[PDB]
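Below: one structure, written as C-alpha coordinates.
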Amino acid sequence: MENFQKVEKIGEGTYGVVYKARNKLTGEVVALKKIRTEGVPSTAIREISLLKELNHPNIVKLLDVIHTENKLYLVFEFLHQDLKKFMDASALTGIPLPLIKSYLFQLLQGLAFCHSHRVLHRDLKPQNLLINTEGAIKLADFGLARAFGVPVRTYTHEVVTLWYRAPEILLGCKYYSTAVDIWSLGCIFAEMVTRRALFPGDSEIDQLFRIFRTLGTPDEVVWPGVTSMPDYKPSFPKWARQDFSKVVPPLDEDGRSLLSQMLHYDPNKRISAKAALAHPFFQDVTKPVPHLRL
Ligand SMILES: NC(=O)c1cc([N+](=O)[O-])c(NCCO)cc1NCc1cnc(N)nc1
(Lines give C-alpha, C1' and ligand atoms only; values in the text may rest on other atoms or scores of the structure.)
Protein backbone atom coordinates (compact mmCIF):
# COMPACT_ATOMS: atom_id res chain seq x y z
CA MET A 1 0.00 0.00 0.00
CA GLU A 2 1.03 3.63 -0.51
CA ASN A 3 -0.05 5.86 2.39
CA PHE A 4 -1.25 2.90 4.46
CA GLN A 5 0.67 0.86 6.98
CA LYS A 6 -0.97 -2.54 7.30
CA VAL A 7 -1.74 -3.34 10.92
CA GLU A 8 -3.53 -6.68 10.60
CA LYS A 9 -5.51 -8.84 8.21
CA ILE A 10 -9.15 -8.65 9.28
CA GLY A 11 -10.18 -11.45 6.96
CA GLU A 12 -10.92 -12.74 3.49
CA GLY A 13 -13.91 -10.66 2.46
CA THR A 14 -16.66 -11.58 0.03
CA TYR A 15 -14.99 -9.44 -2.62
CA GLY A 16 -11.40 -9.42 -1.40
CA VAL A 17 -8.83 -9.14 1.37
CA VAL A 18 -9.55 -6.69 4.17
CA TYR A 19 -6.87 -5.17 6.36
CA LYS A 20 -6.92 -2.96 9.42
CA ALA A 21 -4.56 -0.14 8.37
CA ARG A 22 -3.26 3.24 9.50
CA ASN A 23 -3.13 6.30 7.27
CA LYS A 24 0.55 7.26 7.48
CA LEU A 25 -0.44 10.89 6.97
CA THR A 26 -3.55 11.37 9.15
CA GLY A 27 -2.85 8.55 11.57
CA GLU A 28 -6.48 7.51 11.28
CA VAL A 29 -7.09 3.76 11.58
CA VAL A 30 -9.38 2.31 8.91
CA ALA A 31 -10.52 -0.93 7.24
CA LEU A 32 -9.06 -1.29 3.75
CA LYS A 33 -10.71 -3.67 1.30
CA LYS A 34 -8.89 -4.79 -1.84
CA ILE A 35 -11.51 -5.71 -4.44
CA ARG A 36 -10.93 -8.25 -7.22
CA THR A 37 -10.45 -8.43 -12.14
CA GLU A 38 -9.00 -7.00 -15.35
CA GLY A 39 -10.34 -3.48 -15.78
CA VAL A 40 -13.17 -2.93 -13.28
CA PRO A 41 -16.48 -1.61 -14.73
CA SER A 42 -16.97 2.16 -14.51
CA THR A 43 -20.66 1.74 -13.68
CA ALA A 44 -19.49 0.10 -10.47
CA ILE A 45 -17.21 3.08 -9.87
CA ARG A 46 -19.97 5.66 -10.30
CA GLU A 47 -22.33 3.58 -8.18
CA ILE A 48 -19.87 2.90 -5.38
CA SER A 49 -18.78 6.55 -5.34
CA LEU A 50 -22.42 7.49 -4.77
CA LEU A 51 -22.39 5.53 -1.50
CA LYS A 52 -19.86 8.00 -0.07
CA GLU A 53 -22.87 10.26 0.47
CA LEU A 54 -24.90 7.58 2.24
CA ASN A 55 -23.93 8.76 5.75
CA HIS A 56 -25.77 7.67 8.92
CA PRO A 57 -24.67 6.79 12.47
CA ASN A 58 -25.72 3.19 11.96
CA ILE A 59 -24.03 2.77 8.56
CA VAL A 60 -20.29 2.02 8.39
CA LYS A 61 -18.87 5.09 6.66
CA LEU A 62 -17.28 4.68 3.25
CA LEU A 63 -14.31 7.08 3.43
CA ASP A 64 -12.89 6.65 -0.05
CA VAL A 65 -13.03 4.66 -3.25
CA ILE A 66 -9.73 4.26 -5.15
CA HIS A 67 -9.40 2.53 -8.53
CA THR A 68 -5.84 1.87 -9.73
CA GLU A 69 -3.73 -0.85 -11.39
CA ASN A 70 -6.76 -3.11 -11.98
CA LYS A 71 -7.37 -3.01 -8.24
CA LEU A 72 -10.27 -1.31 -6.48
CA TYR A 73 -9.76 -0.25 -2.87
CA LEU A 74 -12.52 0.74 -0.51
CA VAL A 75 -11.62 2.61 2.66
CA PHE A 76 -14.06 2.27 5.52
CA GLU A 77 -14.48 3.53 9.06
CA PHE A 78 -12.99 0.85 11.39
CA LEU A 79 -14.93 -0.90 14.20
CA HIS A 80 -13.32 -3.46 16.49
CA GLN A 81 -15.80 -6.31 16.34
CA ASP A 82 -18.58 -7.88 14.27
CA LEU A 83 -21.84 -9.39 15.55
CA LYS A 84 -21.00 -12.92 14.44
CA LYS A 85 -17.94 -12.99 16.69
CA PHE A 86 -19.94 -11.27 19.46
CA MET A 87 -22.73 -13.85 19.26
CA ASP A 88 -20.21 -16.68 19.40
CA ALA A 89 -18.61 -15.05 22.45
CA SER A 90 -22.04 -14.65 24.10
CA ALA A 91 -23.25 -18.17 23.23
CA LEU A 92 -23.12 -19.66 26.74
CA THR A 93 -24.93 -16.80 28.45
CA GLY A 94 -26.77 -15.16 25.56
CA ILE A 95 -26.96 -11.50 24.61
CA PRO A 96 -29.18 -9.72 27.20
CA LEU A 97 -32.62 -8.87 25.75
CA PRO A 98 -32.13 -5.11 26.33
CA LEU A 99 -29.03 -5.25 24.13
CA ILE A 100 -30.71 -7.41 21.49
CA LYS A 101 -33.53 -4.84 21.42
CA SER A 102 -31.09 -1.91 21.21
CA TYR A 103 -29.20 -3.55 18.37
CA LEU A 104 -32.35 -4.42 16.44
CA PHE A 105 -33.70 -0.88 16.90
CA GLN A 106 -30.44 0.70 15.62
CA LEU A 107 -30.24 -1.68 12.66
CA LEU A 108 -33.84 -0.79 11.70
CA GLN A 109 -32.91 2.92 11.85
CA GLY A 110 -30.02 2.20 9.50
CA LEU A 111 -32.25 0.24 7.13
CA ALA A 112 -34.95 2.93 7.24
CA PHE A 113 -32.34 5.52 6.26
CA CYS A 114 -30.88 3.46 3.40
CA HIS A 115 -34.28 2.39 2.10
CA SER A 116 -35.59 5.97 2.07
CA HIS A 117 -32.62 6.78 -0.20
CA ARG A 118 -33.41 3.81 -2.46
CA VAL A 119 -30.39 1.79 -1.42
CA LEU A 120 -30.66 -1.93 -0.59
CA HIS A 121 -28.09 -4.06 1.18
CA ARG A 122 -29.19 -7.48 -0.21
CA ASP A 123 -26.66 -9.55 1.74
CA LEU A 124 -27.13 -8.84 5.42
CA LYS A 125 -25.52 -11.25 7.88
CA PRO A 126 -24.05 -11.10 11.39
CA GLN A 127 -20.54 -10.66 10.05
CA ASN A 128 -21.63 -7.48 8.21
CA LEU A 129 -22.95 -5.89 11.41
CA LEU A 130 -20.17 -4.10 13.32
CA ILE A 131 -20.15 -3.02 16.95
CA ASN A 132 -18.15 -0.77 19.27
CA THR A 133 -17.69 -0.34 23.02
CA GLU A 134 -20.30 2.42 23.18
CA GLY A 135 -23.22 0.16 22.38
CA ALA A 136 -23.54 1.19 18.75
CA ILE A 137 -24.07 -1.28 15.88
CA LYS A 138 -23.60 -0.42 12.20
CA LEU A 139 -24.46 -1.98 8.86
CA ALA A 140 -21.44 -2.67 6.64
CA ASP A 141 -21.29 -3.11 2.87
CA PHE A 142 -24.61 -1.41 2.05
CA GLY A 143 -25.00 -1.05 -1.71
CA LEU A 144 -22.01 -3.18 -2.73
CA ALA A 145 -24.10 -6.11 -4.01
CA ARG A 146 -25.79 -3.84 -6.57
CA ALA A 147 -22.48 -2.36 -7.71
CA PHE A 148 -20.56 -5.64 -8.04
CA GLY A 149 -22.70 -8.74 -8.50
CA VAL A 150 -23.66 -12.22 -7.33
CA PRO A 151 -21.54 -13.87 -4.57
CA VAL A 152 -21.56 -17.70 -4.76
CA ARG A 153 -17.91 -18.09 -3.70
CA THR A 154 -15.56 -15.56 -2.11
CA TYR A 155 -12.21 -14.94 -3.82
CA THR A 156 -10.81 -17.69 -1.59
CA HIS A 157 -13.46 -20.20 -2.73
CA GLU A 158 -15.26 -19.82 0.60
CA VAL A 159 -18.95 -20.66 0.47
CA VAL A 160 -21.49 -17.81 0.32
CA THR A 161 -23.91 -18.11 3.24
CA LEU A 162 -27.55 -18.47 2.26
CA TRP A 163 -28.91 -18.46 5.82
CA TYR A 164 -30.31 -14.95 5.65
CA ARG A 165 -31.62 -15.02 2.07
CA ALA A 166 -35.28 -13.99 1.56
CA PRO A 167 -37.55 -16.59 -0.10
CA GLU A 168 -38.30 -14.42 -3.11
CA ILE A 169 -34.58 -14.43 -3.95
CA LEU A 170 -34.43 -18.22 -3.56
CA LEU A 171 -37.49 -18.55 -5.84
CA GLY A 172 -35.73 -16.62 -8.60
CA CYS A 173 -37.31 -13.18 -8.40
CA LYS A 174 -35.29 -10.91 -10.67
CA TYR A 175 -36.12 -7.63 -8.92
CA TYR A 176 -35.24 -7.26 -5.25
CA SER A 177 -37.18 -4.95 -2.97
CA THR A 178 -36.35 -3.41 0.41
CA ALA A 179 -38.19 -6.37 1.93
CA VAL A 180 -35.18 -8.62 1.37
CA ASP A 181 -33.29 -6.69 4.06
CA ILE A 182 -36.12 -6.90 6.58
CA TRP A 183 -36.17 -10.69 6.07
CA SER A 184 -32.44 -10.99 6.72
CA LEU A 185 -32.70 -8.82 9.83
CA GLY A 186 -35.60 -10.91 11.14
CA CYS A 187 -33.39 -14.00 10.75
CA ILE A 188 -30.57 -12.28 12.67
CA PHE A 189 -32.99 -11.10 15.40
CA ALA A 190 -34.14 -14.73 15.89
CA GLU A 191 -30.53 -15.95 16.03
CA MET A 192 -29.59 -13.37 18.69
CA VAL A 193 -32.54 -14.57 20.81
CA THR A 194 -32.13 -18.32 20.43
CA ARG A 195 -28.38 -18.49 19.95
CA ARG A 196 -28.77 -20.73 16.92
CA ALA A 197 -29.29 -19.77 13.27
CA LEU A 198 -32.95 -19.82 12.29
CA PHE A 199 -32.55 -21.33 8.78
CA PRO A 200 -29.03 -22.73 8.31
CA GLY A 201 -29.33 -24.12 4.81
CA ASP A 202 -26.33 -25.67 3.12
CA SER A 203 -27.75 -25.43 -0.42
CA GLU A 204 -30.38 -23.25 -2.11
CA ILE A 205 -32.99 -25.96 -1.96
CA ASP A 206 -32.10 -26.89 1.64
CA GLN A 207 -32.41 -23.19 2.54
CA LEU A 208 -35.83 -22.92 0.90
CA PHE A 209 -37.11 -26.14 2.44
CA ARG A 210 -35.89 -25.18 5.94
CA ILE A 211 -37.95 -22.00 5.55
CA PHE A 212 -40.96 -23.98 4.34
CA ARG A 213 -40.68 -26.52 7.20
CA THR A 214 -40.92 -23.78 9.80
CA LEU A 215 -43.22 -21.20 8.24
CA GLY A 216 -45.24 -23.60 6.07
CA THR A 217 -44.98 -24.12 2.31
CA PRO A 218 -46.28 -20.88 0.78
CA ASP A 219 -49.41 -20.84 -1.36
CA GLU A 220 -51.54 -18.36 -3.27
CA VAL A 221 -53.52 -17.49 -0.13
CA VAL A 222 -50.55 -16.24 1.89
CA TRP A 223 -48.39 -15.20 -1.06
CA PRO A 224 -50.35 -14.16 -4.16
CA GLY A 225 -48.20 -14.91 -7.19
CA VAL A 226 -45.78 -17.33 -5.55
CA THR A 227 -46.77 -20.25 -7.81
CA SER A 228 -45.75 -18.21 -10.86
CA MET A 229 -42.25 -17.45 -9.62
CA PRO A 230 -39.28 -18.52 -11.81
CA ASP A 231 -38.04 -21.32 -9.59
CA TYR A 232 -41.32 -22.39 -8.01
CA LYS A 233 -42.18 -26.06 -8.55
CA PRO A 234 -45.63 -27.62 -7.97
CA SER A 235 -43.70 -30.62 -6.65
CA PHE A 236 -42.47 -28.73 -3.57
CA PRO A 237 -43.52 -30.72 -0.47
CA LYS A 238 -46.40 -29.09 1.44
CA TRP A 239 -45.39 -28.51 5.07
CA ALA A 240 -47.68 -27.08 7.73
CA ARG A 241 -46.68 -23.84 9.46
CA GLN A 242 -45.25 -24.09 13.01
CA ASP A 243 -45.94 -21.73 15.97
CA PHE A 244 -43.47 -18.90 16.76
CA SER A 245 -43.83 -19.82 20.39
CA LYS A 246 -41.85 -22.86 19.28
CA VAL A 247 -39.58 -20.93 16.89
CA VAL A 248 -38.02 -18.35 19.18
CA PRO A 249 -38.76 -19.32 22.75
CA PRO A 250 -38.78 -17.74 25.21
CA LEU A 251 -39.19 -14.40 23.40
CA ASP A 252 -42.31 -12.49 24.57
CA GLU A 253 -45.40 -11.75 22.44
CA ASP A 254 -44.22 -8.26 21.41
CA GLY A 255 -41.01 -9.81 20.06
CA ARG A 256 -42.80 -12.74 18.39
CA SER A 257 -45.31 -10.34 16.82
CA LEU A 258 -42.56 -8.19 15.32
CA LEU A 259 -40.61 -11.18 14.12
CA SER A 260 -43.72 -12.63 12.48
CA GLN A 261 -44.16 -9.40 10.54
CA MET A 262 -40.50 -9.33 9.44
CA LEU A 263 -40.87 -12.89 8.13
CA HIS A 264 -44.14 -12.62 6.18
CA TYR A 265 -43.71 -14.53 2.87
CA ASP A 266 -45.25 -11.86 0.60
CA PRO A 267 -42.58 -9.13 0.23
CA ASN A 268 -45.44 -6.65 -0.03
CA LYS A 269 -46.89 -7.71 3.31
CA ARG A 270 -43.53 -7.76 5.08
CA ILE A 271 -43.18 -4.90 7.55
CA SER A 272 -41.03 -1.92 6.49
CA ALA A 273 -38.10 -0.71 8.61
CA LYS A 274 -40.02 2.50 9.36
CA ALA A 275 -43.11 0.69 10.56
CA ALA A 276 -41.01 -1.80 12.54
CA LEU A 277 -39.49 1.11 14.51
CA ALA A 278 -43.01 1.97 15.71
CA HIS A 279 -43.78 -1.58 16.89
CA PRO A 280 -44.75 -1.94 20.61
CA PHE A 281 -41.68 -4.19 21.10
CA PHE A 282 -39.59 -1.02 21.22
CA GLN A 283 -41.66 0.73 23.91
CA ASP A 284 -38.93 0.14 26.51
CA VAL A 285 -35.88 0.22 24.28
CA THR A 286 -32.66 1.59 25.82
CA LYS A 287 -29.00 1.67 24.81
CA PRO A 288 -26.93 -0.67 27.04
CA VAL A 289 -23.18 -1.12 26.65
CA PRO A 290 -21.93 -4.54 25.55
CA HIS A 291 -19.27 -6.43 27.47
CA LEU A 292 -16.46 -6.23 24.93
CA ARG A 293 -12.98 -7.60 25.56
CA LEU A 294 -10.75 -6.39 22.73
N1 LIG B 1 -14.91 -1.79 8.78
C2 LIG B 1 -14.44 -2.73 9.64
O3 LIG B 1 -13.92 -2.36 10.68
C4 LIG B 1 -14.58 -4.09 9.33
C5 LIG B 1 -14.61 -4.48 7.95
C6 LIG B 1 -14.76 -5.86 7.56
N7 LIG B 1 -14.78 -6.18 6.32
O8 LIG B 1 -14.43 -5.31 5.40
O9 LIG B 1 -15.16 -7.38 5.93
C10 LIG B 1 -14.87 -6.86 8.58
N11 LIG B 1 -15.00 -8.12 8.27
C12 LIG B 1 -15.94 -9.02 8.99
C13 LIG B 1 -15.17 -10.18 9.59
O14 LIG B 1 -14.51 -10.88 8.56
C15 LIG B 1 -14.83 -6.48 9.95
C16 LIG B 1 -14.69 -5.11 10.36
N17 LIG B 1 -14.66 -4.78 11.64
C18 LIG B 1 -14.85 -5.71 12.79
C19 LIG B 1 -13.61 -6.56 12.99
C20 LIG B 1 -13.67 -7.95 13.02
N21 LIG B 1 -12.58 -8.76 13.17
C22 LIG B 1 -11.38 -8.12 13.29
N23 LIG B 1 -10.33 -8.85 13.43
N24 LIG B 1 -11.20 -6.78 13.28
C25 LIG B 1 -12.33 -6.02 13.13
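We number each residue from 1, following the sequence as shown.
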Measure centre to centre between the rings of [X] and [Y], then say whether the value is under 6.0 Å.
X: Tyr15; Y: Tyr155; result: no
X: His80; Y: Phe78; result: yes
X: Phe209; Y: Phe236; result: yes
X: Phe189; Y: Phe281; result: yes

Whether [X] side chain and [Y] backbone form a donor-acceptor pair below 3.5 Å:
X: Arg241; Y: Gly216; value: no
X: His264; Y: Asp266; value: no
X: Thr161; Y: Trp163; value: no
X: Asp219; Y: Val222; value: yes

Inset, instruction - Take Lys287 and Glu134 through the test salt bridge (charged side-chain N to carboxylate O under 4.0 Å, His left out) and record every step on the way to the result. - result: CA-CA 9 Å; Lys287 186 181 188 174; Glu134 305 287 53; over 6 Å; no
Minimum heavy-atom separation for [X] and [Y], please, with both atom names.
X: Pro126; Y: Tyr164; result: CD-CZ, 3.3 Å
X: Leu277; Y: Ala112; result: CD1-CB, 4.2 Å
X: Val226; Y: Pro218; result: CG2-CG, 4.1 Å

Legend entry - side-chain hydrogen bond (donor to acceptor under 3.5 Å, both in side chains) between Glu28 and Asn23, intermediate numbers included: CA-CA 5 Å; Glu28 90 174 307; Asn23 185 301; 4.5 Å; no
Inset, instruction - Kindly indicate whether the side chain of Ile131, heavy atoms from C-beta on, has any atom under 4.5 Å from the side chain of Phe86. - result: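 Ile131 vs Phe86: side chains touch.
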Inset, instruction - Identify whether NZ of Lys or CZ of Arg in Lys9 sits under 6.0 Å from the centre of the six-membered ring of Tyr19 and within 45° of that ring's axis. - result: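 Ring-cation test returns no.
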Inset, instruction - May I ask you to say whether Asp82 pairs ionically with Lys85, meaning some side-chain N is under 4.0 Å from a carboxylate O? - result: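 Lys85 and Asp82: salt-bridged.
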Inset, instruction - Tell me whether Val7 is reachable from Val60 by hopping between hydrophobic residues (I, L, V, M, F, W, Y) whose side-chain heavy atoms are closer than 4.5 Å. - result: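 Each belongs to a different hydrophobic cluster.
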Legend entry - Qualifying residue, where the test is salt bridge (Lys or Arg N to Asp or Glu O under 4.0 Å) with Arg165 and the options are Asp181, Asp123, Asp206: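 With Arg165 as partner, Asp181, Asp123, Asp206 yield a single salt bridge (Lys or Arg N to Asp or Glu O under 4.0 Å), made by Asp123.
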